[PDB]
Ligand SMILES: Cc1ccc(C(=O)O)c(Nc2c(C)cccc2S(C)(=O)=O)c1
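Shown below, as structure tokens, is a lone chain in the form solved without the ligand; questions about how it binds or moves come after it.
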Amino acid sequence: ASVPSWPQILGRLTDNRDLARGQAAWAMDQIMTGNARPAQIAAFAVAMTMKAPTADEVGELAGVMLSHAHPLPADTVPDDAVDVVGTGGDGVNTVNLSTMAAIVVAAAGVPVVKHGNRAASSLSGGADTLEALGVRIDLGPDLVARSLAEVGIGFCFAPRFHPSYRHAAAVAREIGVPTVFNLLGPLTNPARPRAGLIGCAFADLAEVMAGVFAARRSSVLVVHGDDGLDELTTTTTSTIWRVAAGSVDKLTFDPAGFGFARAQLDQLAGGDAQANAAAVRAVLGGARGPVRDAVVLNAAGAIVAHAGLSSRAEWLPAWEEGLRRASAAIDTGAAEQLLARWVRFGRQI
């Protein structure tokens, strides 16, 4: 078990056994060093999924991946930097909402460092919508570092930071269905921010994700809409896994308690890049309604997660602080301004 091989690992997996410590790691390190055949890649990716990954296993996959990633330059990522992202819906996305909450959070003064890919890739999306807004998404360590210090936000394009993952990515594309690899995006942010709002379509995988962040002592809300959204929803309650101090705390959450009127799922989903970018422009310019509401809400969440790093402040007041700051970042036009600053940045860069 501690002297690993592909047949040993896949066989343990096809036998529906949890992997021994280090096996997932060695599996990933092979795939990352060019020493795995496409069939071994696919077979590992698929079996890992069906067996039901563990926090340990996923943790090992994400760690190995980070060990090969390009870092950001030393001391350029603030210690309180946050991520805002969903691992993607069934065939759906909410990158409209997560893009808008990313921007709202940054404008409120919290450093946001994102990580993603263009659509229909196992590393999370978001790249295309940002490109449709005019954001230069493909920047090296140094300029992402500069973007984050100059604008208050940066985006780590996965192709650029995880080149050694190309083989896994191409295989993820051909399999053309979500695997355990689809979990990796929020756990493989190269800037390694210690906090975030992390949205997930699947409750079981969400709790495995909560577990991975807990081992890292991150302050994160892993959020699943009980309507299935990979975000805090306003159509109904959400489940939150509150990661903090190295433990997970599963909560039911309801935005009505904060004055959010109920909405209908299909008002929220989002669409392709151009569609998302029009709604970003619309909402950041003051368009009221349920999309805005969900953005303010998920931006609050990220802000609460931020609160959890250097504080053990109360749940309810941290949320009230979250909603006010997020609301004000939109209504003052600071979020709209931040996007135009973000767009100018790429063109001066």
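Start at 1 with the first residue shown and count on from there.
In what follows, reference is made to the form deposited with the ligand bound, a form of this protein that is not presented.
Trainee: In the deposited complex, does every one of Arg12, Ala52 and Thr54 come within 4.5 Å of the ligand, counting any heavy atom?
Mentor: None of them does, since no heavy atom lies within 4.5 Å of the partner.
Trainee: Taking any heavy atom pair closer than or equal to 4.5 Å as contact, tell me whether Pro159 reaches the ligand in the deposited complex.
Mentor: Within the cut-off, so yes.
Trainee: Just checking whether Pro73 would be counted as a contact of the ligand in the deposited complex - the rule being heavy atoms within 4.5 angstroms.
Mentor: Answer no; every heavy atom of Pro73 is more than 4.5 Å from the ligand in the deposited complex.
Trainee: Check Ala203 for me: does it contact the ligand in the deposited complex (non-hydrogen atoms, 4.5 angstroms)?
Mentor: Judged by the heavy-atom cut-off of 4.5 Å, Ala203 is well away from the ligand in the deposited complex.
Trainee: May I ask you to state whether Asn117 is within 4.5 Å of the ligand in the deposited complex, using heavy atom distances?
Mentor: Result yes; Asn117 sits at the interface with the ligand in the deposited complex.
Trainee: Since exactly one of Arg262, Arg166, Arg217, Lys250 fits, which has a heavy atom within 4.5 Å of the ligand in the deposited complex?
Mentor: Filtering the options by heavy-atom distance leaves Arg166.
Trainee: Find the only residue in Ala245, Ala278, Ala170, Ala256 having a heavy atom within 4.5 Å of the ligand in the deposited complex.
Mentor: Selected residue: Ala170.
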